[PDB]
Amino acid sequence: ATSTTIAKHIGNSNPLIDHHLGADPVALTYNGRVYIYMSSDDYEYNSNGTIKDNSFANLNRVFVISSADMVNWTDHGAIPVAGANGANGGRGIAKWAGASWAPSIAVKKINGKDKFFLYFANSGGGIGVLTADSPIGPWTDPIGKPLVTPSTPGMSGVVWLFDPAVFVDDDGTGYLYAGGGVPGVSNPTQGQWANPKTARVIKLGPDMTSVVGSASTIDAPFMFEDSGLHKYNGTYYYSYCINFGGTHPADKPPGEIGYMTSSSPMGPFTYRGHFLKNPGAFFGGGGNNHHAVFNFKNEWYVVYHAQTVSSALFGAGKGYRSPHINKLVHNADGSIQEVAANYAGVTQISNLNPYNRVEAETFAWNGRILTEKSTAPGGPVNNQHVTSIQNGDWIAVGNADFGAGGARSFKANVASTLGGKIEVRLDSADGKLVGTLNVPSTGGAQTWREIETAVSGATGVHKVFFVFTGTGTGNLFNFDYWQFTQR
């Protein structure tokens, strides 16, 4: 092993991933996993091949990852949401939409079956929705038009009609929160900064793909963007990013996440405080702040973004963002403590079972590979593989539990032109070698073979490193899934 981690270092849980970017995260908790959906941050380039600042040009997909344990993330690839203009090579799902910013996700049981709803903003001009029968698709655009526009009753007055947050209440009623921006264009007055009156909530119809009644204004002090809703001990918490302009009081610091409470999902809301500083306060610089609060496996968390991967690569964040998660703490009086945003993140919640099929694109740390949609036969919805594998690259999972009896063999589904090796090591990239899988020539990068090799000395709980070697260039092999067998 020679390659180094970009930003998510071994033993740390933030950023969640560093093999690509992901902005504007939101969480779905479903059947023992947390799924994180993100804006598709992706580098823009000058004609000479140098990086330029993020202008959101590439925000036409939604990236999805998931975890059972907060450390190992399965990469589920990209949903080609936007279908207008150049978007997604003709494969875009929403043909009316040129962009898919800042997703929100909801699940609702309808007629005995769980149904999934992905909301997004078509830049600052409207909100769309896609539907699916699984959290990872495939996705349908049932309307063919935005769900919410400036003509939707109650939505006049919104400056940026974006950043949706959809919440399904305990009674099954969905609510859509959206909006932001500050009125007054290039020069808002102090009062316009203080009360933009651009946040909205509208009730959804039972089917989650329509609205009922009119939107209500939420008078979030110093509103900017990034609506969020969570419910704690019977109280509704509307959270949002506080704006950056005008003078601000000590209790409404610029660019931080503010929150308000109500006994009802549509208000009236009362400002309570703020609980997440700007990512720049923790990681350097500054930029936009986007978050979602959720409860997964009986703990409260917030997912947010920071420029921690781009900064590590370039020495400047340049507006390119990555997901992070940290614990969020409610006090006895219902107030929320400041979130201690950091790199350590959340300690692994549960071990990984290495005796099931585990996708190769399910990993905790890597140095340095890519993931992409796979040609491998079978596999899960939108199955990916690990690629851009060169000599000395590696991936690792956290806390695989081999059990007392341990492992007998290791299987890997691989495709390779010239061949190579996968070393299976415990604890560290140079740790105990328990097996070496010889990747043969399979006939090419799209011709797949499941290879089996011996394993010995793999018992108990360990980080597991898969270290890639070979003499060729460039791509040694593609790697789809693996599975150990029990001794």
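Each residue number is its position in the shown sequence, starting from 1. Definition used throughout: the rigid core is the maximal C-alpha set that superposes within 1.5 Å between two forms.
Across the superposed structures in 4 other deposited structures of this protein, aligned by the core, the stretch whose Cα atoms lie more distant on average is 41 to 49, chosen from 41 to 49 and 59 to 67. For the pair 84 to 92 and 185 to 193, greater average C-alpha departure from the shown form in 4 other deposited structures of this protein after core alignment is found in 84 to 92.
As listed in the deposited structure, the average C-alpha B-factor of 399 to 407 and of 196 to 204 is greater for 399 to 407.
Higher mean CA temperature factor, per the PDB entry, when comparing 253 to 261 with 328 to 336: 328 to 336. The maximum CA B-factor among the listed residues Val309, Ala132, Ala94, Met155, taken from the PDB record, is found at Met155. Remark: of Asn278, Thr375, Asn366, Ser104, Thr375 shows the highest value [criterion: C-alpha B-factor in the PDB entry]. Annotation for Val168: CA B-factor lies in the middle third of the chain's modelled residues.
For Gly472, the recorded CA B-factor ranks within the highest third of the chain. Only modelled residues enter the ranking.
Annotation for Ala57: C-alpha temperature factor in the middle third relative to the rest of the modelled chain, per the entry. When the modelled residues of the chain are ordered by their C-alpha B factor, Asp41 lands in the lowest third. In the deposited entry, the Cα temperature factor of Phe283 sits in the top third of values across the chain's modelled residues.
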